[PDB]
>>> print(open('entry01.cif').read())   # mmCIF, C-alpha atoms
data_upload
loop_
_atom_site.label_atom_id
_atom_site.label_comp_id
_atom_site.auth_asym_id
_atom_site.auth_seq_id
_atom_site.Cartn_x
_atom_site.Cartn_y
_atom_site.Cartn_z
CA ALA R 840 0.00 0.00 0.00
CA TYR R 841 2.98 2.40 0.10
CA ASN R 842 3.31 2.12 -3.66
CA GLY R 843 2.33 4.59 -6.34
CA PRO R 844 -0.87 3.57 -8.14
CA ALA R 845 -2.74 1.77 -5.35
CA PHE R 846 -2.52 4.82 -3.07
CA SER R 847 -3.56 7.61 -5.44
CA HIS R 848 -6.92 6.08 -6.54
CA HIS R 849 -6.81 8.35 -9.61
CA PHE R 850 -4.39 6.00 -11.27
CA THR R 851 -6.88 3.94 -13.25
CA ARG R 852 -7.45 0.24 -12.70
CA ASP R 853 -6.52 -1.53 -15.92
CA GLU R 854 -3.01 -0.20 -16.41
CA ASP R 855 0.18 -2.15 -15.81
CA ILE R 856 1.65 -1.62 -12.36
CA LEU R 857 5.26 -2.41 -13.28
CA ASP R 858 5.90 0.77 -15.29
CA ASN R 859 4.65 3.33 -12.74
CA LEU R 860 5.47 1.71 -9.40
CA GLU R 861 8.49 3.36 -7.78
CA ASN R 862 11.75 1.62 -6.89
CA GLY R 863 10.37 0.04 -3.73
CA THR R 864 10.66 -3.51 -2.50
CA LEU R 865 7.47 -4.35 -4.38
CA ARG R 866 9.35 -3.51 -7.58
CA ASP R 867 12.11 -6.03 -6.90
CA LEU R 868 9.47 -8.43 -5.60
CA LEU R 869 7.58 -8.23 -8.90
CA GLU R 870 10.72 -8.11 -11.05
CA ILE R 871 12.23 -11.44 -10.01
CA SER R 872 8.82 -13.10 -10.39
CA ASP R 873 7.69 -11.38 -13.64
CA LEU R 874 3.95 -11.27 -13.43
CA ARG R 875 1.86 -8.23 -14.35
CA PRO R 876 -0.88 -7.67 -11.75
CA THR R 877 -2.73 -4.54 -12.83
CA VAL R 878 -3.51 -2.12 -10.01
CA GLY R 879 -6.85 -2.68 -8.34
CA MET R 880 -6.33 -6.37 -7.86
CA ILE R 881 -3.45 -5.15 -5.73
CA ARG R 882 -5.86 -2.73 -4.04
CA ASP R 883 -8.13 -5.30 -2.39
CA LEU R 884 -4.98 -7.38 -1.88
CA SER R 885 -3.81 -4.54 0.35
CA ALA R 886 -7.32 -4.08 1.75
CA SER R 887 -7.28 -7.61 3.14
CA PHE R 888 -4.99 -6.17 5.89
CA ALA K 939 17.96 -10.69 -0.20
CA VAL K 940 14.73 -8.90 -1.15
CA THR K 941 12.55 -10.97 1.21
CA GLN K 942 14.63 -11.03 4.40
CA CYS K 943 12.39 -8.18 5.56
CA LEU K 944 9.25 -10.21 4.81
CA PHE K 945 9.75 -13.85 5.82
CA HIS K 946 11.56 -15.76 8.52
CA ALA K 947 11.94 -19.53 8.49
CA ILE K 948 10.76 -21.86 11.24
CA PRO K 949 12.02 -25.47 11.13
CA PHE K 950 9.20 -26.91 13.19
CA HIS K 951 8.26 -30.37 11.87
CA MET K 952 10.07 -33.55 10.92
CA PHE K 953 8.79 -33.20 7.37
CA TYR K 954 8.78 -29.41 7.44
CA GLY K 955 12.05 -28.68 9.14
CA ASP K 956 14.65 -29.19 6.46
CA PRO K 957 18.09 -27.54 6.31
CA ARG K 958 18.41 -27.46 2.52
CA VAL K 959 15.50 -25.03 2.35
CA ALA K 960 16.12 -23.33 5.74
CA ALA K 961 19.70 -22.41 4.82
CA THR K 962 18.35 -20.55 1.79
CA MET K 963 15.88 -18.26 3.56
CA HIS K 964 17.87 -17.86 6.79
CA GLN K 965 21.47 -16.66 7.00
CA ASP K 966 21.98 -18.15 10.46
CA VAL K 967 21.57 -21.83 9.61
CA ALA K 968 23.45 -20.99 6.41
CA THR K 969 26.48 -20.63 8.68
CA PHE K 970 25.43 -23.51 10.94
CA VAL K 971 25.38 -26.09 8.15
CA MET K 972 28.45 -24.42 6.70
CA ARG K 973 30.26 -25.39 9.89
CA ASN K 974 28.38 -28.70 10.31
CA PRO K 975 27.74 -30.12 6.83
CA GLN K 976 26.53 -33.45 8.24
CA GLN K 977 23.49 -31.57 9.56
CA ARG K 978 22.29 -31.00 5.97
CA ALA K 979 20.40 -34.30 6.09
CA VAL K 980 16.76 -33.91 7.09
CA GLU K 981 16.98 -36.68 9.67
CA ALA K 982 19.95 -35.29 11.62
CA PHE K 983 19.04 -31.61 11.42
CA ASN K 984 19.01 -29.79 14.73
CA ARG K 985 15.84 -27.85 15.58
CA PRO K 986 14.87 -25.78 18.65
CA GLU K 987 13.59 -28.03 21.42
CA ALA T 2 12.30 -9.40 21.52
CA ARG T 3 12.75 -7.98 18.02
CA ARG T 4 10.97 -7.87 14.68
CA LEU T 5 12.12 -8.18 11.06
CA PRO T 6 14.15 -5.54 9.25
CA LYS T 7 12.14 -2.85 7.52
CA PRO T 8 11.37 -2.92 3.78
CA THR T 9 12.68 -0.27 1.40
CA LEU T 10 9.68 2.08 0.80
CA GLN T 11 11.67 4.79 -0.98
CA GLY T 12 10.48 8.40 -1.02
CA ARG T 13 7.22 9.71 0.39
CA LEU T 14 3.68 9.48 -0.96
CA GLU T 15 2.36 12.47 0.98
CA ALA T 16 5.04 14.56 -0.74
CA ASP T 17 3.81 13.21 -4.09
CA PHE T 18 -0.01 12.92 -4.15
CA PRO T 19 -1.81 15.94 -2.67
CA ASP T 20 -5.05 14.89 -4.41
CA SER T 21 -5.73 11.96 -2.09
CA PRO T 22 -9.09 11.85 -0.25
CA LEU T 23 -7.49 10.04 2.69
CA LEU T 24 -5.17 12.99 3.30
CA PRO T 25 -7.61 14.86 5.66
CA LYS T 26 -7.82 11.66 7.70
CA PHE T 27 -4.03 11.50 8.09
CA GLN T 28 -3.00 14.33 10.42
CA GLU T 29 -4.58 13.12 13.68
CA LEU T 30 -1.15 12.09 15.01
CA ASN T 31 1.51 13.68 17.21
CA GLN T 32 5.23 14.13 16.58
CA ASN T 33 6.19 15.38 20.04
CA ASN T 34 5.76 12.10 21.97
CA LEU T 35 8.51 10.14 20.19
CA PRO T 36 11.57 10.68 17.93
CA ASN T 37 11.37 11.51 14.24
CA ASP T 38 12.02 8.15 12.59
CA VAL T 39 9.66 6.11 14.79
CA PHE T 40 6.98 8.74 14.15
CA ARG T 41 7.80 8.49 10.43
CA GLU T 42 7.24 4.74 10.40
CA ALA T 43 4.08 5.17 12.47
CA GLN T 44 2.95 7.57 9.74
CA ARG T 45 3.74 4.84 7.18
CA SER T 46 1.62 2.34 9.12
CA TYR T 47 -1.29 4.76 9.50
CA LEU T 48 -1.12 5.67 5.81
CA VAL T 49 -1.21 2.05 4.68
CA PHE T 50 -4.07 1.42 7.12
CA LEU T 51 -6.09 4.25 5.59
CA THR T 52 -5.12 3.12 2.08
CA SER T 53 -6.51 -0.32 2.91
CA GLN T 54 -9.58 1.47 4.28
CA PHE T 55 -10.12 3.34 1.03
CA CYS T 56 -9.61 0.22 -1.09
CA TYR T 57 -11.96 -1.77 1.15
CA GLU T 58 -14.73 0.84 1.08
CA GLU T 59 -14.45 1.11 -2.70
CA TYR T 60 -14.54 -2.69 -2.80
CA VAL T 61 -17.56 -3.30 -0.57
CA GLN T 62 -20.00 -1.11 -2.50
CA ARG T 63 -18.55 -2.40 -5.77
CA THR T 64 -19.09 -6.16 -5.50
CA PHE T 65 -22.36 -5.74 -3.57
CA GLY T 66 -24.59 -4.18 -6.19
CA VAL T 67 -22.92 -3.38 -9.53
CA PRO T 68 -25.52 -5.40 -11.59
CA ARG T 69 -28.30 -2.83 -11.58
CA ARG T 70 -31.56 -2.56 -13.47
CA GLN T 71 -31.68 1.26 -13.47
CA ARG T 72 -28.50 1.54 -15.53
CA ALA T 73 -29.89 -1.08 -17.93
CA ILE T 74 -33.35 0.49 -18.12
CA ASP T 75 -31.99 3.73 -19.56
CA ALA F 2 58.49 -11.70 -19.46
CA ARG F 3 56.10 -10.93 -22.33
CA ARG F 4 52.36 -10.74 -22.94
CA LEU F 5 49.48 -11.73 -25.20
CA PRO F 6 49.05 -10.34 -28.73
CA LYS F 7 47.27 -7.12 -29.64
CA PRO F 8 43.71 -6.83 -31.02
CA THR F 9 43.23 -5.07 -34.33
CA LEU F 10 40.73 -2.18 -33.84
CA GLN F 11 41.05 -0.78 -37.35
CA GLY F 12 40.00 2.81 -37.98
CA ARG F 13 40.45 5.91 -35.82
CA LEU F 14 37.67 7.33 -33.65
CA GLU F 15 39.18 10.74 -32.88
CA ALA F 16 39.44 11.80 -36.54
CA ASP F 17 35.90 10.57 -37.35
CA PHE F 18 33.49 11.38 -34.49
CA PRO F 19 34.31 14.84 -33.05
CA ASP F 20 31.19 15.66 -30.96
CA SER F 21 31.87 13.18 -28.12
CA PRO F 22 32.17 14.14 -24.43
CA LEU F 23 35.28 13.95 -22.17
CA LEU F 24 37.33 15.75 -24.87
CA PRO F 25 39.31 18.04 -22.48
CA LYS F 26 39.91 14.87 -20.39
CA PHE F 27 42.58 13.65 -22.84
CA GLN F 28 45.30 16.34 -22.99
CA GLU F 29 46.68 15.40 -19.54
CA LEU F 30 49.13 12.68 -20.55
CA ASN F 31 52.91 12.65 -20.70
CA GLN F 32 54.65 12.42 -24.07
CA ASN F 33 58.34 13.19 -23.52
CA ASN F 34 59.25 10.12 -21.43
CA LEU F 35 58.04 7.50 -23.93
CA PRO F 36 57.96 7.21 -27.75
CA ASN F 37 54.85 7.30 -29.94
CA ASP F 38 54.60 3.54 -30.56
CA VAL F 39 54.10 2.87 -26.83
CA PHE F 40 52.10 6.07 -26.19
CA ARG F 41 49.65 4.54 -28.69
CA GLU F 42 49.07 1.66 -26.25
CA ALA F 43 49.19 4.06 -23.29
CA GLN F 44 46.26 6.04 -24.71
CA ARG F 45 44.43 2.92 -25.92
CA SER F 46 44.44 1.73 -22.32
CA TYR F 47 43.23 5.12 -21.07
CA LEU F 48 40.39 6.20 -23.34
CA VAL F 49 38.72 2.83 -22.78
CA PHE F 50 39.07 3.52 -19.05
CA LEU F 51 37.46 6.94 -19.50
CA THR F 52 34.51 5.57 -21.44
CA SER F 53 34.27 2.71 -18.93
CA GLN F 54 33.99 5.34 -16.19
CA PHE F 55 31.42 7.24 -18.24
CA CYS F 56 29.22 4.24 -19.02
CA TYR F 57 29.50 3.09 -15.40
CA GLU F 58 28.45 6.49 -14.04
CA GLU F 59 25.57 6.64 -16.51
CA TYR F 60 24.66 3.09 -15.45
CA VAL F 61 24.57 4.01 -11.77
CA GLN F 62 22.65 7.14 -12.78
CA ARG F 63 19.98 5.08 -14.54
CA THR F 64 19.90 2.20 -12.07
CA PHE F 65 20.00 4.40 -8.97
CA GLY F 66 16.30 4.76 -8.23
CA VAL F 67 14.96 3.62 -11.56
CA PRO F 68 11.51 5.39 -11.75
CA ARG F 69 10.87 8.89 -10.48
CA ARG F 70 8.41 9.89 -7.79
CA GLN F 71 7.89 13.30 -9.40
CA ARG F 72 6.85 11.79 -12.75
CA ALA F 73 3.60 10.76 -11.02
CA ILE F 74 2.45 14.39 -11.38
CA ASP F 75 2.38 14.23 -15.18
CA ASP V 791 53.43 -8.70 -9.24
CA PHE V 792 52.84 -11.42 -6.58
CA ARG V 793 49.42 -9.99 -5.69
CA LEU V 794 46.04 -11.61 -6.29
CA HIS V 795 43.45 -9.35 -7.94
CA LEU V 796 40.68 -11.27 -6.22
CA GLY V 797 37.03 -10.66 -5.44
CA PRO V 798 35.69 -10.87 -1.89
CA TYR V 799 34.76 -14.15 -0.30
CA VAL V 800 31.01 -14.71 -0.09
CA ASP V 801 29.33 -17.39 1.99
CA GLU V 802 26.81 -20.09 1.10
CA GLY V 803 25.28 -23.13 2.71
CA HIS V 804 27.65 -25.48 0.90
CA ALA V 805 31.28 -24.37 1.56
CA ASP V 806 32.58 -24.59 -2.03
CA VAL V 807 31.23 -28.10 -2.60
CA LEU V 808 28.98 -27.30 -5.58
CA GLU V 809 31.82 -25.60 -7.47
CA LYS V 810 34.15 -28.55 -7.03
CA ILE V 811 31.45 -31.16 -7.56
CA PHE V 812 30.61 -29.54 -10.90
CA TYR V 813 34.22 -29.06 -11.99
CA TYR V 814 35.23 -32.59 -10.98
CA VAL V 815 32.17 -34.65 -11.85
CA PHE V 816 29.90 -33.03 -14.37
CA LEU V 817 32.38 -31.57 -16.86
CA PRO V 818 34.76 -34.60 -17.13
CA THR V 819 31.89 -37.02 -17.77
CA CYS V 820 29.76 -34.90 -20.06
CA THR V 821 32.57 -33.31 -22.05
CA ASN V 822 34.90 -36.35 -21.83
CA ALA V 823 37.50 -33.89 -20.48
CA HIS V 824 37.74 -32.12 -23.84
CA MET V 825 38.45 -28.78 -22.20
CA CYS V 826 41.56 -26.74 -21.55
CA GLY V 827 41.84 -23.80 -19.21
CA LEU V 828 42.75 -20.50 -20.82
CA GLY V 829 43.99 -17.12 -19.72
CA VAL V 830 42.74 -13.70 -20.77
CA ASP V 831 44.31 -10.28 -21.20
CA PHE V 832 41.70 -7.95 -19.75
CA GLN V 833 43.05 -4.72 -21.26
CA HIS V 834 42.89 -6.29 -24.72
CA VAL V 835 39.29 -7.43 -24.35
CA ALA V 836 38.32 -4.03 -22.90
CA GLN V 837 39.97 -2.24 -25.82
CA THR V 838 37.95 -4.45 -28.15
CA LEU V 839 34.75 -3.74 -26.23
#
>>> encode(input="entry01.cif", output="structure tokens")
Amino acid sequence: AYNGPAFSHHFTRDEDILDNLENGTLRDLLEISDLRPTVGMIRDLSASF
Amino acid sequence: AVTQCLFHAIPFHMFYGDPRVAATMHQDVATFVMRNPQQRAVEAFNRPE
Amino acid sequence: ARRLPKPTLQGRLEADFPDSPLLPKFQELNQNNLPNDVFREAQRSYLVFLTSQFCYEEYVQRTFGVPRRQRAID
Amino acid sequence: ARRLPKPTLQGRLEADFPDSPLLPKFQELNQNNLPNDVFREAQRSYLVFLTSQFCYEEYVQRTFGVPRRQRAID
Amino acid sequence: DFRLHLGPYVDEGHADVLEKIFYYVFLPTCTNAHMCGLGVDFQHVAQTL
């Protein structure tokens, strides 16, 4: 939830998250795995907390 | 290296305490089986009592 | 007796997105009871709590009743 | 006592491509203590070190923080 | 020269055993020991590059 697009809520849903997420630990988490979860499915993922 | 701040390994069971996998995600047993390589077997692996 | 090391979390979001609706619900905290870095990480925890709040509230009214007749009537 | 043979590298770069950076970073070499045939190797070892420094610094410039937080505005 | 331009020692859970088990089992069987070690001149390959 301390990433770019899932916090702003004016970043739209169906865009790739890997090209606008900052250089956080989620970036190197998603880089070594190489999947493309578009933001919004990461939103409720964070909202499970 | 990117998930040492996310996960910590617990060798708790006879099937689920294994030092080949624990030495990967824990850099304490990675020294312990470096000094005691005979502990790398799953049957003779030391676990907290 | 201790917890894990902290993640990276580079930069600040509050210094990047002033258009966030959870920003008025952010400043109910207090610096002067603790040092700067522990208050900073408490701000991180409160911000991710309110971010999860905003995603959950936009979830709960979404999956409840998005198939509507009134949008399909017109 | 000796070394390994010399690669070819045909063609000159300084008399072909004149709008390259680090051009005042080349006049600070000594010429009187060694002849031209070994100063050739002494500058072949040095300009590759300069462009190695330049590509390494541009690499650590790119791969420092790879996105930008302030690009989220536009 | 009599100095070793050497990289720093890193640790693993194996204590050099995978390196030597590769270089003394897997290559001499699979390649039938059809290899020879070589040396490089690093300034020459950098001047090519």
>>> resolve_selection(input="entry01.cif", expression="the PyMOL selection byres ((chain V) within 7 of (chain F))", output="list in words")
residues 831, 833, 834, 836, 837 and 838 of chain V
>>> interface_residues(input="entry01.cif", of="chain R", to="chain K", cutoff="8 Å", atoms="all atoms listed in the file", output="list in words")
residues 864, 867 and 868 of chain R
>>> resolve_selection(input="entry01.cif", expression="the PyMOL selection byres ((chain F) within 8 of (chain T))", output="list in words")
residues 70, 71, 73 and 74 of chain F
>>> resolve_selection(input="entry01.cif", expression="the PyMOL selection byres ((chain F and resi 27) around 12)", output="PyMOL selection string")
chain F and resi 15+21-26+28-31+43-45+47-52
>>> atom_distance(input="entry01.cif", atom1="atom CA of residue R:862", atom2="atom CA of residue R:845")
14.6 Å
>>> decode(input="entry01.cif", residues="stretch 795-839 of chain V", atoms="N, CA and C atoms", output="short mmCIF file (atom, residue, chain, number, x, y, z; two decimals), in the first residue's frame")
data_model
loop_
_atom_site.label_atom_id
_atom_site.label_comp_id
_atom_site.auth_asym_id
_atom_site.auth_seq_id
_atom_site.Cartn_x
_atom_site.Cartn_y
_atom_site.Cartn_z
N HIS V 795 44.59 -10.22 -7.65
CA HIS V 795 43.45 -9.35 -7.94
C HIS V 795 42.20 -10.21 -7.80
N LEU V 796 41.68 -10.28 -6.58
CA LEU V 796 40.68 -11.27 -6.22
C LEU V 796 39.45 -10.60 -5.63
N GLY V 797 38.28 -11.16 -5.95
CA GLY V 797 37.03 -10.66 -5.44
C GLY V 797 36.80 -11.15 -4.02
N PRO V 798 35.86 -10.55 -3.31
CA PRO V 798 35.69 -10.87 -1.89
C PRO V 798 35.00 -12.20 -1.69
N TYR V 799 35.33 -12.85 -0.57
CA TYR V 799 34.76 -14.15 -0.30
C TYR V 799 33.32 -14.01 0.19
N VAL V 800 32.40 -14.67 -0.50
CA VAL V 800 31.01 -14.71 -0.09
C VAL V 800 30.73 -16.08 0.49
N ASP V 801 29.69 -16.15 1.32
CA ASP V 801 29.33 -17.39 1.99
C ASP V 801 28.08 -18.02 1.38
N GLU V 802 28.00 -19.34 1.48
CA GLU V 802 26.81 -20.09 1.10
C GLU V 802 26.61 -21.23 2.08
N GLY V 803 25.53 -21.98 1.87
CA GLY V 803 25.28 -23.13 2.71
C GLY V 803 25.96 -24.40 2.28
N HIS V 804 27.04 -24.31 1.51
CA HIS V 804 27.65 -25.48 0.90
C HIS V 804 29.15 -25.58 1.11
N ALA V 805 29.84 -24.46 1.34
CA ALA V 805 31.28 -24.37 1.56
C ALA V 805 32.05 -24.99 0.39
N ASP V 806 31.87 -24.35 -0.77
CA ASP V 806 32.58 -24.59 -2.03
C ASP V 806 32.33 -25.96 -2.64
N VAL V 807 31.35 -26.72 -2.15
CA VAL V 807 31.23 -28.10 -2.60
C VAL V 807 30.53 -28.19 -3.95
N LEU V 808 29.69 -27.22 -4.30
CA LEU V 808 28.98 -27.30 -5.58
C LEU V 808 29.90 -26.94 -6.73
N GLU V 809 30.78 -25.96 -6.51
CA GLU V 809 31.82 -25.60 -7.47
C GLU V 809 32.69 -26.79 -7.82
N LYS V 810 33.24 -27.45 -6.79
CA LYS V 810 34.15 -28.55 -7.03
C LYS V 810 33.42 -29.79 -7.50
N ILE V 811 32.16 -29.97 -7.10
CA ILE V 811 31.45 -31.16 -7.56
C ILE V 811 31.08 -31.00 -9.02
N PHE V 812 30.82 -29.77 -9.48
CA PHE V 812 30.61 -29.54 -10.90
C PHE V 812 31.90 -29.75 -11.66
N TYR V 813 32.96 -29.05 -11.25
CA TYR V 813 34.22 -29.06 -11.99
C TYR V 813 34.97 -30.38 -11.90
N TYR V 814 34.57 -31.30 -11.03
CA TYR V 814 35.23 -32.59 -10.98
C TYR V 814 34.28 -33.76 -11.15
N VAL V 815 33.01 -33.54 -11.46
CA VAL V 815 32.17 -34.65 -11.85
C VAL V 815 31.54 -34.35 -13.20
N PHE V 816 30.85 -33.21 -13.29
CA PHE V 816 29.90 -33.03 -14.37
C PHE V 816 30.60 -32.71 -15.68
N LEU V 817 31.61 -31.84 -15.65
CA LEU V 817 32.38 -31.57 -16.86
C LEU V 817 33.20 -32.76 -17.36
N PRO V 818 33.96 -33.51 -16.54
CA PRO V 818 34.76 -34.60 -17.13
C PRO V 818 33.94 -35.77 -17.65
N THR V 819 32.72 -35.98 -17.18
CA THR V 819 31.89 -37.02 -17.77
C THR V 819 31.20 -36.53 -19.03
N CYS V 820 30.60 -35.35 -18.96
CA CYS V 820 29.76 -34.90 -20.06
C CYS V 820 30.58 -34.42 -21.24
N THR V 821 31.73 -33.82 -20.98
CA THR V 821 32.57 -33.31 -22.05
C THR V 821 33.70 -34.26 -22.41
N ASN V 822 33.81 -35.38 -21.69
CA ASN V 822 34.90 -36.35 -21.83
C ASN V 822 36.27 -35.72 -21.63
N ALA V 823 36.32 -34.70 -20.76
CA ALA V 823 37.50 -33.89 -20.48
C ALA V 823 38.12 -33.34 -21.75
N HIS V 824 37.28 -32.76 -22.61
CA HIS V 824 37.74 -32.12 -23.84
C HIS V 824 37.87 -30.62 -23.67
N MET V 825 38.28 -30.18 -22.49
CA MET V 825 38.45 -28.78 -22.20
C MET V 825 39.91 -28.49 -21.86
N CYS V 826 40.29 -27.24 -22.05
CA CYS V 826 41.56 -26.74 -21.55
C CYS V 826 41.31 -25.37 -20.94
N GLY V 827 41.93 -25.12 -19.79
CA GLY V 827 41.84 -23.80 -19.21
C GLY V 827 42.59 -22.79 -20.07
N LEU V 828 42.07 -21.57 -20.11
CA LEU V 828 42.75 -20.50 -20.82
C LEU V 828 42.98 -19.33 -19.90
N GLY V 829 43.79 -18.39 -20.38
CA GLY V 829 43.99 -17.12 -19.72
C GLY V 829 43.54 -16.00 -20.64
N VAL V 830 43.22 -14.86 -20.04
CA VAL V 830 42.74 -13.70 -20.77
C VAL V 830 43.65 -12.52 -20.48
N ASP V 831 43.69 -11.57 -21.41
CA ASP V 831 44.31 -10.28 -21.20
C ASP V 831 43.19 -9.25 -21.16
N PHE V 832 42.92 -8.72 -19.97
CA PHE V 832 41.70 -7.95 -19.75
C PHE V 832 41.75 -6.60 -20.44
N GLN V 833 42.93 -6.00 -20.56
CA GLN V 833 43.05 -4.72 -21.26
C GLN V 833 42.75 -4.89 -22.74
N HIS V 834 43.14 -6.03 -23.31
CA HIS V 834 42.89 -6.29 -24.72
C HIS V 834 41.40 -6.47 -24.99
N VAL V 835 40.71 -7.21 -24.12
CA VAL V 835 39.29 -7.43 -24.35
C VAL V 835 38.49 -6.16 -24.04
N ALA V 836 38.98 -5.30 -23.14
CA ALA V 836 38.32 -4.03 -22.90
C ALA V 836 38.52 -3.07 -24.07
N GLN V 837 39.72 -3.09 -24.66
CA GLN V 837 39.97 -2.24 -25.82
C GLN V 837 39.18 -2.71 -27.03
N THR V 838 38.89 -4.01 -27.12
CA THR V 838 37.95 -4.45 -28.15
C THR V 838 36.55 -3.95 -27.85
N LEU V 839 36.12 -4.06 -26.59
CA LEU V 839 34.75 -3.74 -26.23
C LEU V 839 34.43 -2.26 -26.30
#
